[PDB]
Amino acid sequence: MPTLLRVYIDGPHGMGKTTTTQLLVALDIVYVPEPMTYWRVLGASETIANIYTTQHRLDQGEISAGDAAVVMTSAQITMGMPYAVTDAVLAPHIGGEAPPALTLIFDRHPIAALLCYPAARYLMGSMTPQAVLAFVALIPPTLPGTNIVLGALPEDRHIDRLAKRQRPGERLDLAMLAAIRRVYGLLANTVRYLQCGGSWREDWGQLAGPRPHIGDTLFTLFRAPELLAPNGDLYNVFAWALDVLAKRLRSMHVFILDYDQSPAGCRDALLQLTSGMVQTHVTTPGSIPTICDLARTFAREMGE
C-alpha cells in the first residue's frame, strides 16, 4: 500500500503559519486550510467576531462570567466542527507507520479546537475548567503518524505582527495573545514530559531535552478549586479526563518551527523538519485518490 505523510501546522494565531503552509505547497501534496467560510457563514455568523466581542464585553464588566461562558463555549463548538469531521472521515484510511505518495499539510490539528483555545479562554475567564475537560474528553484517538509542528516567535515581534495579521472580527487583545502562547508552550512540554515517561498522577503532589517539571506542562492548569473534592484531591471524573489527555498527547510527534524569519525562510525550515517525519501506509489502494478529493473539496468549500 502506498505511504502518506500528514503534517499539522499549529500554534498561536498571528505568526504567519498559514502563509508558509501555502508556500510549502507551491513547491502529490495537498492542503487542508482553516475552514474560515464555516466560521463566518456555514456553521454560524461571524464566529470570530462573536468571540472577541464577548470577551471584550466581559472584560468591560458589561456581561457576567456565566453569560460569557455560555457564549464562549458554544462558539468553540462551531470552530472545531470541520476539524472533527475531517479526522473522522480520514481515520479508516490511515494504516500502520512506515518520498511519500502523498503529503497532506493541515492548517491546525483538532487539539487546537478541543484543547488549546478552550484552555486559553479558561485562563481568560470566559470558560470554566469543567467545560475545557469536556472538550478534552472528546479529543479523537491519535492516529499513527501524527506529526505536529508548533511555532515559535519572540513576544515583541508577535505583538507587532498581530497589529497587522488580524482576523475579521478580531480585536487585538494581548492578554489573550499571552494566554494562547502560554498554552502552546505548555503543550510542547507536555508531549516531552510524556515521552520521557512522566506520570501526571505520580507527580501531582509536586504542584528533545530533559524531562520537564509537571508544573511546566498542561496538567498545571487543572489544579483549580472547581475540580477539587473536599479532601483536596481531584474528582475522579476530572482525573480520568487527564488520563485521556496524557493518552492522546503521548503518541504525537511534535516539532518546533522558528517563525522569526522571512516567509521563504520559514518554508525552507519547515521543509527540512519534514524529512525526519513519520509516514504511514494507507488502508486501501484507492485511499490516496479519495483522500486527495476530501482535501480539495474541503479546501474549495471552506477555504477563505
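The first residue of the sequence shown is number 1, and the count goes up from there. If you superpose the two forms and keep the largest set of C-alpha atoms that fall within 1.5 Å, you have the rigid core.
Relative to the displayed structure, the C-alphas of 156-164 lie farther away on average in 8 other deposited structures of this protein than those of the other candidate, with 178-186 and 156-164 compared after rigid core superposition.
Per the records, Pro140 is modelled in every other compared entry, just as the shown structure includes it, so no third of them leave it out. Of the other structures of this protein that model both sides of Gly125, every one gives it coordinates; not a third omit it. According to the record, 4 to 9 deposited residues between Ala98 and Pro99 are left without atomic coordinates.
Missing coordinates between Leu207 and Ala208 amount to 10 or more residues of the deposited sequence.
Averaged over Cα atoms, the B-factor as recorded in the entry is higher for 160-168 than for the other of 160-168 and 138-146.
Note on 223-231 vs 209-217: mean CA B-factor is higher in 223-231.
Note on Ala65, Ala269, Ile256, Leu42: the highest value goes to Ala65, judged by CA B factor as recorded. Of the candidates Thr37, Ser275, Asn50, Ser251, it is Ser275 whose Cα B-factor is highest according to the PDB record. Among the modelled residues of the chain, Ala295 sits in the middle third by CA temperature factor in this PDB entry. In the deposited entry, the Cα temperature factor of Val7 places it in the lowest third of its chain's modelled residues. Ranked within its chain, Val71 lands in the middle third, by CA B factor from the PDB record. In the deposited entry, the Cα temperature factor of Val30 sits in the top third of values across the chain's modelled residues. When all modelled residues of the chain are sorted by CA temperature factor, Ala88 is found within the middle third.
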